[PDB]
Structure formats: structure tokens, C-alpha cells
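A.B. asks:
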Amino acid sequence: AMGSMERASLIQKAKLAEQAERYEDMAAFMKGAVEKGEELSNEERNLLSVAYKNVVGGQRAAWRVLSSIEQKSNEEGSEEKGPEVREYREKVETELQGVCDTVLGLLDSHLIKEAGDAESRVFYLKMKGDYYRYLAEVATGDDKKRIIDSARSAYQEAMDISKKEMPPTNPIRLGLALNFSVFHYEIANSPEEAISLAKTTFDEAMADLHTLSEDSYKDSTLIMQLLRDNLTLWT
Amino acid sequence: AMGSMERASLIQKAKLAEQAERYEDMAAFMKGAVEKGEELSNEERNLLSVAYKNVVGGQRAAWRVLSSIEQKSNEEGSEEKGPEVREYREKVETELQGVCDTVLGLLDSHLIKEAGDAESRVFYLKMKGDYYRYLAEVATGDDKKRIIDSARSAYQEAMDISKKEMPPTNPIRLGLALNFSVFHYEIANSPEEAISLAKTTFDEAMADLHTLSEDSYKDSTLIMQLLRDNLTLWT
Amino acid sequence: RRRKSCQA
Amino acid sequence: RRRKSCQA
Ligand SMILES: CN(CCS)C(=O)c1cccc(F)c1
Ligand SMILES: CN(CCS)C(=O)c1cccc(F)c1
Ligand SMILES: [Cl-]
Ligand SMILES: [Cl-]
Ligand SMILES: [Mg+2]
Ligand SMILES: [Mg+2]
Ligand SMILES: [Mg+2]
Ligand SMILES: [Mg+2]
Ligand SMILES: [Mg+2]
Ligand SMILES: [Mg+2]
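Chains as they are written, first to last, in the entry's author numbering: chain A, -3 to 231; chain A', -3 to 231; chain B, 175 to 182; chain B', 175 to 182. A prime marks a further copy of an entry chain.
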């Protein structure tokens, strides 16, 4: 539906949609921009990420509300209210899965294969792990282990590149480690791995802060605080 | 699209959508419920109102953001950025107009004509004034005066009924007066009428509070405070 | 600072 | 009280 709009106009309108808090529109504009077939700049990658994270974030929050109601409905002593809670949870779940599949499809056709610089490749592989992780959050059936392993594999490739090619304070490296640590804690039932990763990431970043400008220091320490927040919650 | 779902299931799912902050879904469920052709109860009327007010409220807020950007773009000294701001403002405006037309269509087919009790009739006529008012907020062309007059006429019929049939503390009567006063201030360029209406409404409610239970007193005084908030802003 | 209308 | 992931 965006095929007739100029790439630059799609990017301009994505920024307007962000200012207006119209994240579904923002995501549709950025999908159109990706589908023009050119690589994305750093700024454009962050617009793509902001848009879809906000869309899926609303869906995930709604899914958790509905899942909790459904859980309470199946406790002993609960009155039978019919199929409606399950149906509506399933409706929201299917829409969420559709958004994840859309993002994964953009990554596979063809953002990842054309991404050669570490900053872009790690960014996209982190995104791939993230959207498999969101699929894992709602998965219950025969492919659940494979969904979890797909998240793990994408995160692991991103980590390997990030450790070789980026300083320990790089914000993409830090955000990747934050999210892989959450994956370990919440998805893979590996809280010790989650804690170890968060701590090592924090400590290695701390030791590299001395190399940074004031502005880079602000960027890196903001994400380090997110790691610390999780360590405080988990220990 | 809701024609195959039971009325009771639509209402149940509207309440679930509200809990999940999924207001577009909530509105679609309530539209389906209205289209079953039966009258709405008090609770169901309030679900319809909550759903569409949240949907249109997001659109209106986005429209104002985009309209402000567009205004700044046409000031002297602004760099020409092309048609994109106007196009995107128009896109959001058209979607907003569509939602207003949908609500007005439900009121006309056939909620208002079957509403005989004062509580329901005033509620629906207030709603009619509200959605014409939202159309007026974005109107610029040949029918703008007629849109404004349609809002005025609906509000005026609701006021006439409310004064004859409801006590001055009734929350629907109070909310109607609040909104008609905003209409006068913001749409009809009649700030004195807006202030007079808010003050008389507040004072007449104050004099009737002595007749109320604790719970009714809480309901009425909450809306009276909204009237006072506007009087403080406007004087 | 934005005037009130009937909401919630 | 909800754990943090990479957002904004
Ligand atoms: C501050 N911040 C977000 C919190 S991690 C980032 O820099 C960032 C954004 C997107 C992907 C990523 F790996 C990092
Ligand atoms: C508290 N409250 C909302 C603020 S006016 C109401 O009671 C109400 C809701 C919908 C329509 C109406 F006329 C009144
Ligand atoms: Cl459903
Ligand atoms: Cl547009
Ligand atoms: Mg072109
Ligand atoms: Mg390349
Ligand atoms: Mg490097
Ligand atoms: Mg039936
Ligand atoms: Mg009737
Ligand atoms: Mg009466």
C-alpha cells in the first residue's frame, strides 16, 4: 500500500507519526520504506525499531491482561463465563503473532543479508531475537522449543559479533545484552545465566567509560542502569 | 463483521477490551451490539461512549499535533518541506471524520428514534452534539456553518429535555452542560455564553446537593469540579 | 491548562 | 517492579 510513496516521504511521515504518537502508522510507513529495497541508515533503523516496539508493546500488555483474566477463570470456584475470554485472548494473540511475523519477514527479506557493518548486523540480529522472544512469550505448542531456540540463535550470533567488533560501552551491544539476559531469565528458565550476563556486561562497560565523551558516557550509563535495575530485582 | 456474534458476547468482549485498553476493539464490539437492533441499557450506553470517546480522543490529539506542525510550516521563514505534512494531517483528519460519521450513523439508525426515557434521549443527543463538535473542530469549508449548527441543535434539544425532566445534579445533565459550554467557548465564539452556562449549571447543582445520598453527591460534585475548572481557566 | 470536557 | 528490556 506504500509502493506509490517516495522513500523520503515515508521516512518524513514516520517521524510525524512518532510526534503524533501514531505508532501503527509509523510502523506502516517504515515497512514501506524497508520494502523500497535500499539499506537503512542508523536513524532509519531506530525509527523502524521504535515503531514496531510500540505496536507490539501495546499488544503484549493487552495479552497479559487477558491471559490473567483467563487464568482466574479456570481456577476452582470460578463461574463458567463461556468461550469469550479465550476467544478474545486468541484474537489479540493472533494479531501480535502477525506483527512479529511481519518484522521477522522484513529482517529475512532482505535486511539481514545486506547488513555488513557490525552496527547494522548486530541491530538486526538483536531485533530477530526480540521478535522470536515475543512469539515465545505466547507459545504453547509443538514448535515452542524451536521458537525459543530461534530467539537464542539470533541473540547468540549478535553477541558473538558485538564482542568481536564493538566496545563494551556501545549502546547496541549493551541493549542486546540486556535483552538476551531477559531472555535467559524469563524464557529459557536460566536465571543464573541472566544474572551472570547482566553483571559481566555492566562491569565491562564500567571499565571502558573512561574512554568516552560526556555525551557517549550519558548514552552508555543510561543502559547500564537498566542492567542494574534488573540485577537489583533478581538478587 | 460482528453479525455472527451474540449480543451478550459482544458486550462481554467490550468490557474485556476496556480492561486491556484496546479501545478500537471496544468500539467495534459496541457497534456490533448496537447493530443487533435492541435498545441499550444505561451500562451499555456508557460502554459505547467510553469506547468511541477514547478512539476519537486519540485521533483529535494527533490531529492537533499535526495541525500545529503544518501551521509552523506556513510561517514566513520556514523551509519548504513538500506536501507530506498536509497529506498526513489530511489522512488523520479523514479517519477522524469517519469515526464521527460512524457514531452519528448509529445514533441516526436507530438509537435516537427509539430512546423515550429522558436519561437515554439526553445521553444520545449529547453524543450527537459531541460528534458534530469534533467534526466542527476540523471543518474549514462550505458546510462548516451547517456542521456547527447541527452540534448546536442537538445540544439544545438535549438541554431542553434535561431541564424539564432531570434534577440539576443529574450527571448526564451536568456533563451535557459542561460540553455545550465548551461548544460555546471554543466553536461558536461565544465565551460569555459559555461562562454563563457553566456558572448557572454549577450554582443550580450546588443548591440541589442537599437532596442526595453520599454516593450521588460524589458523582455530581466530580462533574461540578470540571465546570469550576473551566470557569477558573476562562475568568 | 486544557479546558475540561466530559470524559472517562 | 517489571524487569527492564531495551525500549524507547
Ligand atoms: C537507549 N537505547 C534503548 C534502550 S537499550 C538504545 O540505544 C538502543 C535502541 C535500540 C536497539 C539497541 F540495541 C539499543
Ligand atoms: C462522570 N461522567 C463523565 C464526565 S461528564 C459522567 O457521568 C457522564 C458520562 C457520559 C455522559 C455524560 F453525560 C456524563
Ligand atoms: Cl474475539
Ligand atoms: Cl499520508
Ligand atoms: Mg523514488
Ligand atoms: Mg551492505
Ligand atoms: Mg568496531
Ligand atoms: Mg442472539
Ligand atoms: Mg424505547
Ligand atoms: Mg425525571
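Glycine residues also receive a C-beta, built at the ideal position from the N, C-alpha and C atoms.
For residue 180 of chain B', which three-state DSSP category applies?
C.D. replies: Counted from its first residue, the fourth sequence places residue 180 of chain B' at position 6. Of the three classes helix, strand and coil, the one that applies to residue 180 of chain B' here is coil, per DSSP.
A.B. asks: Any idea if residue 181 of chain B' is buried or exposed, counting beta-carbon neighbours within 10 angstroms, 16 or more meaning buried?
C.D. replies: By 1-based counting over the fourth sequence, the position of residue 181 of chain B' is 7. It counts as exposed.
A.B. asks: Can you tell me where the alpha helix (DSSP H) with residue 215 of chain A' in it begins and where it stops?
C.D. replies: Translated into positions along the second sequence, residue 215 of chain A' becomes position 219. Its alpha helix (DSSP H) spans residues 210 to 230.
A.B. asks: Any heavy atom of ligand 3 closer than 7 angstroms to the Cβ of residue 87 of chain A?
C.D. replies: Here residue 87 of chain A refers to the residue found at position 91 when the first sequence is read from its first residue. The answer is yes for residue 87 of chain A.
A.B. asks: Just to make sure I have the definition right: I need the residues of chain B' whose C-beta is within less than 8 angstroms of the C-beta of residue 225 of chain A. Which are they?
C.D. replies: Along the first sequence, read from residue 1 onward, the residue named residue 225 of chain A stands at position 229. Per Cβ cutoff of 8 angstroms: 177 and 178.
A.B. asks: Residues of the region 83 to 94 of chain A in Cβ contact with chain A' at a cutoff of 9 angstroms, in chain order, please.
C.D. replies: Of all residues in the region 83 to 94 of chain A, 83, 84, 85, 87 and 88 have a Cβ within less than 9 angstroms of some Cβ in chain A'.
A.B. asks: Given a limit of 8 angstroms on CB to CB distance, which residues of the region 40 to 67 of chain A' reach chain B?
C.D. replies: 46, 49 and 53
A.B. asks: Can you check whether the C-beta of residue 73 of chain A is within less than 8 angstroms of a C-beta belonging to chain B'?
C.D. replies: Along the first sequence, read from residue 1 onward, the residue named residue 73 of chain A stands at position 77. No, because no Cβ of chain B' sits closer than 8 angstroms to the Cβ of residue 73 of chain A.
A.B. asks: For residue 114 of chain A, verify whether its CB is less than 7 angstroms away from any heavy atom of ligand 7.
C.D. replies: As a working mapping, residue 114 of chain A is identified with position 118 in the first sequence. Under cutoff, so the answer is yes.
A.B. asks: Rank A:193, A:163 and A:48 by C-alpha distance to the C-alpha of residue 204 of chain A and give the top, closest one.
C.D. replies: One-based indexing of the first sequence puts residue 204 of chain A at position 208. Selected option, being the one with the closest Cα: A:163.
A.B. asks: Alpha carbon to alpha carbon, how far is residue 44 of chain A' from residue 50 of chain A'? Give it in angstroms, no decimals.
C.D. replies: Numbered from 1 along the second sequence, position 54 holds the residue referred to as residue 50 of chain A'. Numbered from 1 along the second sequence, position 48 holds the residue referred to as residue 44 of chain A'. Taking the CA atoms as reference points, residue 50 of chain A' sits about 10 angstroms from residue 44 of chain A'.
A.B. asks: Any Cβ of chain B' within less than 8 angstroms of the Cβ of residue 174 of chain A?
C.D. replies: Position 178 of the first sequence, counting from 1, holds the residue named residue 174 of chain A. Yes - at least one Cβ of chain B' is within 8 angstroms of the one on residue 174 of chain A.
A.B. asks: At a CB-CB cut-off below 8 angstroms, which residues of chain A' make contact with residue 9 of chain A?
C.D. replies: Stepping through the first sequence from its first residue, residue 9 of chain A is reached at position 13. Those within 8 angstroms of residue 9 of chain A in chain A' are 80, 83 and 84.
A.B. asks: Express the C-alpha separation of residue 15 of chain A and residue 193 of chain A in angstroms, rounding to a whole number.
C.D. replies: The residue given as residue 193 of chain A occupies position 197 in the first sequence. The residue given as residue 15 of chain A occupies position 19 in the first sequence. Taking the straight line from one Cα to the other gives about 35 angstroms.
A.B. asks: Pick out whichever of A':223, A':62, A':103 and A':30 has its Cα sitting closest to the Cα of residue 83 of chain A'.
C.D. replies: Working through the second sequence from its first residue, we reach residue 83 of chain A' at position 87. It is A':62 whose Cα lies nearest to the Cα of residue 83 of chain A'.
A.B. asks: By Cβ distance below 7 angstroms, which residues in the same chain neighbour residue 234 of chain A in space, the five residues on each side in sequence not counted?
C.D. replies: Examination of residue 234 of chain A is not possible in this model, given that chain A is present from -3 through 231 alone.
A.B. asks: Taking the Cβ atom as the reference point for each residue, do residue 165 of chain A and residue 116 of chain A lie within a distance shorter than 8 angstroms?
C.D. replies: Translated into the one-based positions of the first sequence, residue 165 of chain A becomes position 169. Translated into the one-based positions of the first sequence, residue 116 of chain A becomes position 120. No.
A.B. asks: Do residue 88 of chain A' and residue 48 of chain A' have their C-beta atoms within less than 8 angstroms of each other?
C.D. replies: Taking the first residue of the second sequence as position 1, residue 88 of chain A' is located at position 92. Taking the first residue of the second sequence as position 1, residue 48 of chain A' is located at position 52. Cβ distance not < 8 angstroms, so residue 88 of chain A' and residue 48 of chain A' don't count as in contact.
A.B. asks: Step through the CB atoms of chain A' and report whether any lies within less than 8 angstroms of the CB of residue 12 of chain A.
C.D. replies: For the purposes of this step, residue 12 of chain A is taken as the residue at position 16 of the first sequence. Yes - at least one Cβ of chain A' is within 8 angstroms of the one on residue 12 of chain A.
A.B. asks: Can you list the residues of chain A that residue 188 of chain A' reaches, using a CB-CB cut of under 8 angstroms?
C.D. replies: Stepping through the second sequence from its first residue, residue 188 of chain A' is reached at position 192. Those do not exist, as residue 188 of chain A' stays about 34 angstroms from chain A at its closest Cβ, beyond 8 angstroms.
A.B. asks: Cβ of residue 29 of chain A' within 8 angstroms of Cβ of residue 40 of chain A'?
C.D. replies: Within the second sequence, residue 29 of chain A' is the residue found at index 33, counting from 1. Within the second sequence, residue 40 of chain A' is the residue found at index 44, counting from 1. Contact flag set, yes.
A.B. asks: Rounded C-beta distance between residue 105 of chain A' and residue 128 of chain A'? I'm assuming under 8 angstroms.
C.D. replies: Along the second sequence, read from residue 1 onward, the residue named residue 105 of chain A' stands at position 109. Along the second sequence, read from residue 1 onward, the residue named residue 128 of chain A' stands at position 132. Taking C-beta atoms under 8 angstroms as the contact rule, residue 105 of chain A' and residue 128 of chain A' fail to qualify, at a distance of about 16 angstroms.
A.B. asks: For residue 12 of chain A and residue 33 of chain A, I'd like the C-alpha separation in whole angstroms.
C.D. replies: Translated into positions along the first sequence, residue 12 of chain A becomes position 16. Translated into positions along the first sequence, residue 33 of chain A becomes position 37. The alpha-carbon atoms of residue 12 of chain A and residue 33 of chain A are separated by roughly 22 angstroms.
A.B. asks: Please classify residue 291 of chain A': is it buried, with 16 or more other beta-carbons within 10 angstroms of its beta-carbon, or exposed?
C.D. replies: Chain A' is shown from -3 up to 231; residue 291 of chain A' falls before or after that span and cannot be answered.
A.B. asks: Pull every residue with its beta-carbon under 7 angstroms away from any heavy atom of ligand 1, and keep them in chain order.
C.D. replies: A:42, A:45, A:119, A:122, A:167, A:168, A:170, A:171, A:172, A:174, A:215, A:218, A:219, A:222, B':180, B':181 and B':182
A.B. asks: Any heavy atom of ligand 9 closer than 7 angstroms to the beta-carbon of residue 110 of chain A'?
C.D. replies: On the second sequence, residue 110 of chain A' is found 114 positions in, with the first residue counted as 1. Residue 110 of chain A': yes, Cβ under 7 angstroms from ligand 9.
A.B. asks: My guess is that residue 222 of chain A and residue 178 of chain B' are in contact by the Cβ rule of under 8 angstroms, so how many angstroms apart are they, rounded?
C.D. replies: Taking the first sequence and counting its residues from 1, one reaches residue 222 of chain A at position 226. Taking the fourth sequence and counting its residues from 1, one reaches residue 178 of chain B' at position 4. About 4 angstroms separates the two Cβ atoms, so the contact holds.
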